[PDB]
Amino acid sequence: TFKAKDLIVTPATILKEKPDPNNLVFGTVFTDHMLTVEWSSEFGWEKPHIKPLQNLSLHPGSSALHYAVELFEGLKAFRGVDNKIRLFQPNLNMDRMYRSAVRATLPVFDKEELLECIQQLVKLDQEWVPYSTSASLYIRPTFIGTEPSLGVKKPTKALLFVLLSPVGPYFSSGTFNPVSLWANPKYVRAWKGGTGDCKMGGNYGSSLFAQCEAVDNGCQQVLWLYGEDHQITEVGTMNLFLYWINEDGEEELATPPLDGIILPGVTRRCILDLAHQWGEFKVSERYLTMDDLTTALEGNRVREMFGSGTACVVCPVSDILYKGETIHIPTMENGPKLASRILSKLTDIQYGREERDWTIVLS
Amino acid sequence: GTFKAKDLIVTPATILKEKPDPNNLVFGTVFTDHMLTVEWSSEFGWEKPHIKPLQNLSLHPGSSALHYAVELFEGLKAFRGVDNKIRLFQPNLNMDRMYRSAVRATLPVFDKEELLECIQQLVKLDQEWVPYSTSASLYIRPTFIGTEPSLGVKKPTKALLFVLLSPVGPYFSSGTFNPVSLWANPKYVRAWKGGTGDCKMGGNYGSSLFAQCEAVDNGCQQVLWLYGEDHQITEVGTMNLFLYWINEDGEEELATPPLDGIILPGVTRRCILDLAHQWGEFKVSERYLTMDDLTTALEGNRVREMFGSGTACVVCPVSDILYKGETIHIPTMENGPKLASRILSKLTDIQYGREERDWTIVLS
Ligand SMILES: Cc1ccccc1Oc1cc(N2C(=O)CC(C(F)(F)F)=NC2=O)c2ccccc2c1Cl
Ligand SMILES: Cc1ccccc1Oc1cc(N2C(=O)CC(C(F)(F)F)=NC2=O)c2ccccc2c1Cl
Ligand SMILES: *Cc1c(COP(=O)(O)O)cnc(C)c1O
Ligand SMILES: [Mg+2]
Ligand SMILES: [Mg+2]
């Protein structure tokens, strides 16, 4: 496996102009440098390279292009109020990427060495980490089969690469723009016995049609429904949280359980940790159905619904389109107090306004 | 709109590769001299199609095909006939499935007849690669990828359609039936209701490499894909599944899982159902089949034959299934296999021009 100490660094000779962080479309702007590491079954891992952002030269038979032999990660670097650049629980992203590689039959790698190569890449491109407490640098580790063979088989050739892409505030305002969700049980993101709990590329290609349908019906995101009971699972790419009075008349923060169809998000685990620590209401990893939700709405038992994930720390939901009717969620009329408290706490940690075990200052 | 075959730009190779031995071909490892490429953008639509020397693709590392599996493929064969005429077999069915897959993937649509004509011109230029052997063929791999330089999860605004050619030998190097052992583990599910299992989208396959490694680790050649609480038998690896048996009503029946969203509508599957209907010798049912249906039938000596069918292996007899830690024998090879043999003879006769058919086209 490759070592950070073997890094070959070829710096760019011409640096690009940085974007205005308030005029950023997510994932369209890339920094000056990338990380690449070649693997073959014959010779193993090559030395890792930090070099100028470049096209990949791939055999057209590359299994990544034919059988989605590919996975990715997503994590952020934050420029702190103290001007220290922090990662946020990056070891968890390395753990999930390694597990996904095993599931994909891509070759395994030393997680500590990859994280150190990523830190060296971000350090070289550190002026791309935005000077704004509502912006960040998105880190995209990517892992593709480059086997020049149409056989459906474990690849004997692979490329691990990392891209950097600055992201502005999810909300152009700076604060909350609630989303309308499209809930059509016709589409299923992930199933029991599937790969829904991994960031394998194949989990996402199947979802574009549902998102186009959402947009066609004036919604911003898909509400992913599962099973005959229409369980509510994920808000687009984000974990789903419901703050309500439950069936027992108890104040409760509820989120679907990790049963294999849910991506175990970093922010999801943090929010559960915070909600347990505060001890002010019940915290349940439990199934939630559309019928649970509409019954609760009829009883004025719903306070807040929000997504949480890498894309958006906290994304309030105002409406769900379901069985041809618009269902209003009163999140924005209830503060949103919990959503606001969670956003404040996580951004305070991310931007170093308070100490945390959850952050690491860049190498 | 669409690219047009009449706009084809042909850049011939000046240096040609040595043709491989038709008796010594490993699937998908040898590529011909030329490829087809067609660029698309939302801004300007389809660019002119190019036949040029086989080359690496130059892709932005942000290309959505690499991140979100914004990709699909097809698989079809050209056959050098006993009369030395090169034939395609039901290629319009592959064009129909590719168009439908593009729509489901949010990739741009194209004219199926224009693509088929571009494919014919590519095969014609590389026609000496169509093996001189009645057990070998030229595999045609149309591929369609998002090349959008953006990490946003979105309909692509940039795409590439390309076609590779690769000669392939007999599925069984001997040239005869070698029955397969199947690994049936309900822990893995290939496809779900509301998924893309009925399309050739790349994302359907990436999940399956791990399961095949497990099959091989337990001495099996293929995965038997199980679905649902009742353990429905769906597909034999990348192949459609056929069961020739006496059903619960005591009737001779050819059964195959129905197209309810989790089954690829194979070209071979379509041909076999067409033949079985045409012959009118037994009941033909698209119906659910569970492991319990199968083991009940085996206990009653009601099973005659089980086989996979797909472009890979026209007819692949099944001898055994490993399920709940026991090896379950299927008596396919003790019953001829008569139906499997009849189907193999019919389809290979048509493919190699030993008989005329509506199902074949002689190359442009
Ligand atoms: C390529 C493809 C992709 C998706 C659907 C069908 C396809 O067509 C195949 C698949 C093959 N295949 C494997 O590549 C591996 C495989 C394993 F044993 F690993 F399961 N089984 C197989 O049949 C083939 C094997 C030998 C000759 C032809 C094959 C064709 Cl044409
Ligand atoms: C990229 C990714 C893939 C898988 C999981 C998380 C990911 O991270 C995202 C995803 C985004 N995203 C879309 O790109 C499209 C999208 C739609 F509306 F189309 F569904 N929703 C989204 O959240 C983001 C949108 C804006 C700013 C950041 C995003 C991040 Cl960091
Ligand atoms: C391609 C494929 C088949 C076989 O279909 P044909 O068109 O007959 O080759 C069967 N199952 C799956 C999953 C496939 O991808
Ligand atoms: Mg080590
Ligand atoms: Mg029984």
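Lettering follows sequence order; numbering is per chain, from 1.
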* **Minimum heavy-atom distance between A/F26 and B/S150, given as atom pair plus value** => O-OG, 4.2 Å
* To do: Sort out for me which of A/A190, A/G27, A/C198, A/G194 touches chain B most, counting heavy-atom pairs under 4.5 Å.
  => A/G27
* Asked: Contact part of A/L71 toward chain B, heavy-atom cut-off under 4.5 Å: side chain, backbone, both or neither?
  -> neither
* To do: Select one option (side chain, backbone, both, neither) describing which atoms of A/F161 are under 4.5 Å from chain B's heavy atoms.
  => side chain
* Examine whether an atom of A/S57 lies under 4.5 Å from a heavy atom of chain B, and if so say whether it belongs to the side chain, the backbone or both; otherwise answer neither. => both
* Let me know if B/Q55 has heavy atoms under 4.5 Å from chain A in its side chain, its backbone, both or neither. => backbone
* **chain B interface, residue from A/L163, A/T142, A/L65, A/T28 that has the most non-hydrogen pairs under 4.5 Å** => A/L65
* **Selection from A/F30, A/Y187, A/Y204 maximising heavy-atom pairs under 4.5 Å formed with chain B** => A/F30
* Given a strict heavy-atom distance threshold of 4.5 Å, which part of A/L208 is in contact with chain B: side chain, backbone, both, or neither? -> both
* **Structural part of A/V29 lying under 4.5 Å from a heavy atom of chain B** => neither
* Asked: Just wondering, more than 12 heavy atoms not from B/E43 lying within 6.0 Å of its CD?
  -> yes
* To do: Counting only heavy atoms closer than 4.5 Å, note whether A/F72 contacts chain B via side chain, backbone, both or neither.
  => side chain
* Greatest number of heavy atom pairs closer than 4.5 Å to chain A - which of B/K155, B/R104, B/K154 -> B/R104
* Of all of A/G201, A/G202, A/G205, which one pairs up most often with chain B through heavy atoms under 4.5 Å apart? -> A/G201
* **Stepwise ring-ring contact (aromatic ring centres under 6.0 Å, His included) test for B/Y227 and A/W191** => CA-CA 11 Å; B/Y227 175 80; A/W191 43 96; 9.6 Å; no
* What residue in B/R190, B/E148, B/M35, B/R141 has the most heavy-atom pairs under 4.5 Å with chain A? -> B/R141
* Asked: Does any heavy atom of chain A fall under 4.5 Å from the side chain of B/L54, the backbone, both, or neither of them?
  -> side chain
* Asked: In terms of heavy-atom pairs under 4.5 Å with chain B, which of A/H59, A/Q211, A/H66, A/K186 leads?
  -> A/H66
* Structure fact -> Between B/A65 and A/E70, the two heavy atoms sitting closest are O-OE1, 2.7 Å
* Please look at B/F144 and chain A and tell me whether the side chain, the backbone, both or neither of the residue comes under 4.5 angstrom of a heavy atom of that chain. => neither
* Structure fact -> Ranking A/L58, A/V25, A/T36 by heavy-atom pairs under 4.5 Å to chain B gives rank one to A/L58
* Structure fact -> Honestly, the part of B/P149 sitting under 4.5 Å from a heavy atom of chain A is backbone
* Asked: How long is the gap from NZ on A/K199 to OH on B/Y68, to the nearest 0.5 Å?
  -> 10.0 Å
* For chain A, find which of B/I145, B/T106, B/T196 contributes the most heavy-atom pairs closer than 4.5 angstrom. => B/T106
